[PDB]
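Listed here are the chains, written in short residue letters.
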Amino acid sequence: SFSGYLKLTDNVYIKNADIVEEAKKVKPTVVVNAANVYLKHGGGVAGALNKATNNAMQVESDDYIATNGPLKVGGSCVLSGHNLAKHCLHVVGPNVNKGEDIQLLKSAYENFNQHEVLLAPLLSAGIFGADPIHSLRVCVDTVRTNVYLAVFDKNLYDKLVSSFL
Ligand SMILES: Cn1cc(C(=O)Nc2ccc(O)cc2)cn1
């Protein structure tokens, strides 16, 4: 199972880890992708997860978009986890670099409550432009299921743990 995680709360755990390497190791039931509404997995966590699937995630995602249209900011969809997980929960956190409503981050984290356990990144963090300290706070105050957060950046991981209230 998950190893080397620091327990933050009853249900939230955190580790300084590459979520792709963590997914290949754990092979969780659910890996969360930091998706955009178009499921265009170009960069950040999405680009890394997609590259690990040899682009199979993008091929599946394009078929999903062709059939269903784009997701909502704050929404999600369950697709295959390919070689990384049983499922991938593609969750769209607001991208503050695209001027999206930061208040939608709580709605984005609510998607995690539909799954008993997840391996996830901090939503809207990284190239999505939100403050990761704020994202972790929304995560702990919203998610009730067991969430194992992988934070790629060591310096950010240390800042998140040392400032966690
Ligand atoms: C590697 N990495 C660093 C960050 C970061 O520091 N983001 C950030 C954005 C807005 C803020 O108000 C404060 C911090 C995200 N990923």
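Residues numbered from 1 in each chain as written, not as in the entry; some residues may be left out. Heavy atoms only, no water.

Judging from the entry metadata, X-ray crystallography is the method by which this structure was determined, and 1.0800 Å is the reported resolution.

Looking at the PDB entry, the chain carries the name Non-structural protein 3, with the source organism given as Severe acute respiratory syndrome coronavirus 2.

1. Description of the site of the ligand
The environment of the ligand is formed by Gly 126, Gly 129, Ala 130, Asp 131, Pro 132 and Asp 153. In isolation the ligand exposes 400 Å². Once the protein is present, 47% of that is buried. Split into classes, the residues belonging to the shell around the ligand amount to 2 nonpolar, 2 polar and 2 charged. (Near = heavy atom within 4 Å. Areas by Shrake-Rupley, 256 points an atom, 1.4 Å probe, with all protein chains shown as cover. Nonpolar A, V, L, I, M, F, W, Y, C, P; charged D, E, K, R; others polar.)

2. Brief notes about the layout of surface pockets
Its boundaries defined by the atoms lining it, the largest pocket holds a volume of some 460 Å³. Looking at the largest pocket, it is lined by 23 residues, and the ones nearest its centre are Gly 44, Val 45, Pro 121, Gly 126 and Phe 152. Mapped by element, the contributors of at least two residues to the lining of the largest pocket are α1 (19–26), α2 (44–52) and β7 (146–151). At 3 residues, α2 tops the list of elements feeding residues into the lining of the largest pocket. Considering only residue class, the lining of the largest pocket consists of 17 nonpolar, 4 polar and 2 charged. (1 Å grid on protein atoms, 1.4 Å probe; cavity = no way out; pocket = protein on both sides within 12 Å on 5 of 7 lines; lining within 4 Å. Points joined across faces, edges and corners; volume = space filled by probe spheres on them. Helix = DSSP H or I, 4+ residues; strand = E, 2+ residues; numbered from the N terminus.)

3. Side note on α1
Residues of α1 that are buried include every one of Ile 19, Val 20, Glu 22, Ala 23 and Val 26, and no others. Down the axis of α1, the smallest arc covering the buried residues is 165°, so these residues share one side. Here α1 starts with a cap whose side-chain oxygen sits 2.9 Å from the backbone nitrogen of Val 20, and that cap is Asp 18. Positive backbone phi, at 50°, marks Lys 27, one or two positions downstream of α1. (Buried < 20%, exposed > 50% of the residue type's maximum accessible area, 1.4 Å probe, protein only. Arc of directions from axis to C-beta. Polar contact = N/O pair within 3.5 Å; in protein donor to acceptor, adjacent residues only side chain to side chain.)

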